[PDB]
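K.L.:
structure for the following, please:
(7 chains, ligands or ions: 15)
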Amino acid sequence: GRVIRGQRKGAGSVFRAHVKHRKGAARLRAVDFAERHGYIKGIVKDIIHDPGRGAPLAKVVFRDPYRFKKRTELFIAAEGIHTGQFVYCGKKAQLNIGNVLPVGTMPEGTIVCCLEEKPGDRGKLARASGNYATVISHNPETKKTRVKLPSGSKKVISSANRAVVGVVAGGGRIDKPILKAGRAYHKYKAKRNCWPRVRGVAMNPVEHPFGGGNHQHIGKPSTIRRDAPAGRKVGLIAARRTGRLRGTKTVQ
Amino acid sequence: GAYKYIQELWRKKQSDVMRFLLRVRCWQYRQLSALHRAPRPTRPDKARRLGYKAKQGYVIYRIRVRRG
Amino acid sequence: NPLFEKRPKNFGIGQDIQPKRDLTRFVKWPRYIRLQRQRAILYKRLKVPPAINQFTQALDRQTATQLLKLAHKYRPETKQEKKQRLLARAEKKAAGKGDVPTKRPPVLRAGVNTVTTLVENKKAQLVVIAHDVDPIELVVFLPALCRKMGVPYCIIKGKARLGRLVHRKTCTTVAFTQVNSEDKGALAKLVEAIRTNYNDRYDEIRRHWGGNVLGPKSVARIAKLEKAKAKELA
Amino acid sequence: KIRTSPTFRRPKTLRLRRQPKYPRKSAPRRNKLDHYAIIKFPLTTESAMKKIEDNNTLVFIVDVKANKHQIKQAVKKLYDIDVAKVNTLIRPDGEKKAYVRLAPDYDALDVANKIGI
RNA sequence: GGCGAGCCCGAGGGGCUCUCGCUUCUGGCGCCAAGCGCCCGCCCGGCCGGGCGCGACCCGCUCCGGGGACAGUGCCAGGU
RNA sequence: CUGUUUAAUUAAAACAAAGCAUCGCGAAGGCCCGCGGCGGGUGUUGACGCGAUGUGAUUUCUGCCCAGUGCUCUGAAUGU
RNA sequence: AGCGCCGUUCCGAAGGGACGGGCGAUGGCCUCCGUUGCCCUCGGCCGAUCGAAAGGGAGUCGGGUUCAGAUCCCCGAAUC
Ligand SMILES: [Mg+2]
Ligand SMILES: [Mg+2]
Ligand SMILES: [Mg+2]
Ligand SMILES: [Mg+2]
Ligand SMILES: [Mg+2]
Ligand SMILES: [Mg+2]
Ligand SMILES: [Mg+2]
Ligand SMILES: [Mg+2]
Ligand SMILES: [Mg+2]
Ligand SMILES: [Mg+2]
Ligand SMILES: [Mg+2]
Ligand SMILES: [Mg+2]
Ligand SMILES: [Mg+2]
Ligand SMILES: [Mg+2]
Ligand SMILES: [Mg+2]
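P.N.:
Numbering: from 1, shown residues only, chains lettered A, B, ... in the order given. Ligands and ions are numbered 1, 2, ... in the order given. See below for the structure:
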């Protein structure tokens, strides 16, 4: 039959990111000599708003120790930082809110954000607004470090990758309800075309595996396995359980 | 005088003296481009029995295709 | 003395900028540069067969200089003096009506086919085998063949230097077959030294494997772990 | 030789100047668009005639491959008269219409009577 | 390398065993070298304009890290 | 609730909507496109995110059943 | 298999430019200047190129003129 809505995301025709008004990708400095054997001062000029992101962007200018030129980068603004605050980066940088330093230097229990999976990919984990990771379980031999992620998962990562100390500013963004369709339209128009949200039972049988019949009923079990083909995975995908929760996660 | 020795060394191409050179040449040719020019043949006996004569005009290309 | 002050600069982290250093091991080299460098490093890392580890085990430079001083006056003629000898011998035989003015011309033989034929027919007194042949399969049969036919062979480093004694880019093989009376003793001494070096130790080189050398960072890592193991034992 | 930069690029080689052994067409192609081929037809209509008295300006029909400089040079090399400015339009039949204003020292009526219009 | 610490022997000193360091109140500035030691054509033991090294340690065989005989790729076979 | 919908027979009690929830995914990943490449969309993105779903503001509520069909987890402990 | 397809910085030796100095040659009034060749030194392009007659984009306005032109043609007055 007809190609479902779930398969049309991969075409990239009208489902791309509305990426023109975004100011730039929020990464750290690439790793160099000064960020592994010392520290270097940088000056935050301002903080701005990246559209599609509720977290504020921070425009921190640096000084290049090799050729005389002031390099401008784009950090994720931590909570409580202000313009003119000297952001310090490197290995032996003193631990304050806004200073990025490798996780082997910081002690356990340090609440950080914008950390890295692999050492040297300029910040991947914990980048949404108001989220943080918990650093525990350092190891002298076999240089690893456990981090508690915002989903509750404990991931063992390397001990050389960097992380800015603090939480991401803009926390509590999901406290207010959207309260009408208009703010949802403007929010998703700012982010990307992800809002033709039509009910799969309400749509046609030839366009979705659930819809049709004289009554709006699903008819088939919505728990559909991970080994399903493309276009079959509708509803619950590989659901180990369903219904109301009991406990917190109960998953090791 | 030599090309029969080159052929007989090339025939049993599973032996330890040949498979090292074969692995080194496969790495060297895989890390090159897909279609390019080799300035001289690497199998002189096989090239000469296919028709290579060492004079101005005969050009050896090295080319890489994908199996399957 | 009037003003002439000193203005020192401190080149640490977080202060005045770094000077232009050598930057040799950190420049992004092109494709073929990286290919030849990691090709040499790949031959150094991986285990080579015992028929190609004979290369880099070659003759020392004093005996190679003696060999070049012997081979300098058995040089094959180039095109200019070849045509000169042809025209001069033709004019002398046309002037004198002579039959056989030349008794025996001494000249070495080059080329792998010619040298292989001469060692199979036992006409070669000495074999010079070049090192820098990039298909090694063209060369690998020659040492065992010279050993089983009893002709002494010497591995030498540099095929360009062996081509410049034959007036060509590559020569790859030099066969000493004919020697004069003033050179027979020197060639006998050279053949004695080469049979001492190569043919008497042919059963030694054929058994030994070459290569199997790790990189110096990993060697220093293993040495640091060995010093830590000695600290644990003591 | 110390390579301070971490990027290796092309050396400035010696690009050879082109010096061919033989010419490719044995002769220069002659100028088809010369002074007798640029300015083709003088226009003798009512408004183009009125421009001679009221404008001190001649009206010509020109091939479309010419410009103001070539029209000005063609007039100065054929009629030996000075040119103030040339206003060119494209007449919709396919030709160019050129209004050539002359110097105040010259007389457009006298030039028109000498050329025959 | 001591303007530094260390654990001991210990008279000066020894380095069994180890850490690198020369930027943390400030919305400033920082590049195209100062100095030193040599080498040249010039003014009788003077003056102009240049080149090298130290400043900026030496060597090495991967640009540096993270995986790594796994993942993937090609073919065959069984499920769905 | 405002909005949208069968242009050329329907304007709705239909669709959408904020809210309520559920499931998959920590990037060698989840959902997909592609005949092909470690090619692409999400991704200038990192669980307050992305993707797929049921219900449809607020108040009060979310009864009982895993027998069946699904989904998921586990032990080469054991049949095929 | 293939007309070709993917991709726009990814796996690229992807700048032919220029200040200053030195050496050589030529030309012009060899007074004094201008070119050409070589050497030293400098030089992120976010990568050729296209893409708006409503986006960005320096600078013209007044009067008169024909049956049909108008900030365009004539006069006068300005600017890049
Ligand atoms: Mg809530
Ligand atoms: Mg919804
Ligand atoms: Mg809906
Ligand atoms: Mg169906
Ligand atoms: Mg050739
Ligand atoms: Mg590696
Ligand atoms: Mg490992
Ligand atoms: Mg109706
Ligand atoms: Mg409700
Ligand atoms: Mg993914
Ligand atoms: Mg119920
Ligand atoms: Mg059960
Ligand atoms: Mg354009
Ligand atoms: Mg009009
Ligand atoms: Mg007007």
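
K.L.:
give me the distance between the residue nearest to the spatial centre of chain D and residue D:100.
P.N.:
The centroid of chain D falls nearest to residue D:70 when counting by Cα atoms, centre = their mean (1.8 Å). Distance, residue D:70 to residue D:100, by Cβ to Cβ, to the nearest Å: 12 Å. (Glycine included, C-beta is placed from N, CA and C.)

K.L.:
same question, residue C:199
P.N.:
102 Å.

K.L.:
of the two, which one has the most company?
P.N.:
residue D:100 (25 against 18; other Cβ atoms under 10 Å in any protein chain shown).

K.L.:
how about the more buried one, what does it touch?
P.N.:
D:57, D:58, D:59, D:60, D:71, D:72, D:75, D:83, D:86 (Cβ atoms under 8 Å, 6 or more residues apart in numbering or on different chains).

K.L.:
what do you get if the cut-off is 10 Å, keeping everything else the same?
P.N.:
Residue D:100 makes contacts with D:39, D:57-60, D:62, D:68, D:71-72, D:74-75, D:79, D:81, D:83-88, D:108, D:111, as judged by Cβ atoms under 10 Å, 6 or more residues apart in numbering or on different chains.

K.L.:
same question for residue D:114.
P.N.:
By Cβ under 10 Å, 6+ apart, the contact list for residue D:114 reads D:79, D:81, D:107.

K.L.:
can you name the helix or strand that it falls in?
P.N.:
Using DSSP states H and E, residue D:114 maps to helix D:108-115.

K.L.:
does that helix reach RNA strand G?
P.N.:
No - for helix D:108-115 and RNA strand G, the contact criterion (Cβ under 7 Å from any atom of the strand) is not met; the two come no nearer than 11.4 Å.

K.L.:
how far does that helix sit from the chain's center?
P.N.:
Relative to its chain's centre, helix D:108-115 lies at 22 Å (Cα atoms, centre = their mean, to the nearest Å).

K.L.:
in that helix, what counts as buried?
P.N.:
By neighbour count on 16 or more other Cβ atoms under 10 Å in any protein chain shown, the buried set for helix D:108-115 is D:108, D:111, D:112.

K.L.:
can you give me the strands in chain C?
P.N.:
Using DSSP state E, the strands found in chain C span residues C:109-110, C:126-130, C:153-156, C:173-176.

K.L.:
hang on, I meant chain D
P.N.:
So, for chain D - with DSSP E - the strands run D:39-42, D:57-62, D:83-90, D:96-102.

K.L.:
and for chain A?
P.N.:
Going by DSSP E, chain A shows strands at A:39-49, A:56-63, A:70-76, A:86-90, A:100-102, A:110-113, A:133-136, A:144-148, A:154-158, A:162-165, A:223-224, A:236-237.

K.L.:
which helix is the longest one in chain B?
P.N.:
Longest helix in chain B, counting residues (DSSP state H): helix B:16-30.

K.L.:
do the same with chain A
P.N.:
In chain A, with assignment by DSSP H, the single longest helix is helix A:181-191.

K.L.:
what count of nearby residues applies to the residue lying closest to residue C:67 once chain neighbours are set aside?
P.N.:
Among residues not flanking residue C:67 along the chain, residue C:190 sits closest, at 6.4 Å (Cβ to Cβ, 6 or more residues apart in numbering or on different chains). Neighbour count of residue C:190, defined by other Cβ under 10 Å: 20.

K.L.:
next, the contact list for residue C:190, please.
P.N.:
C:63, C:66, C:67, C:70, C:125, C:126, C:152, C:154, C:176, C:183.

K.L.:
repeat that for residue B:53.
P.N.:
Taking Cβ under 10 Å, 6+ apart, one finds residue B:47 in contact with residue B:53.

K.L.:
and the residue in chain C positioned nearest to RNA strand E, backbone torsions?
P.N.:
Nearest residue of chain C to RNA strand E (Cβ to the nearest atom of the strand) works out as residue C:14 at 2.0 Å. Backbone torsions of residue C:14, given as degrees, to the nearest 10, read phi 90, psi 20.
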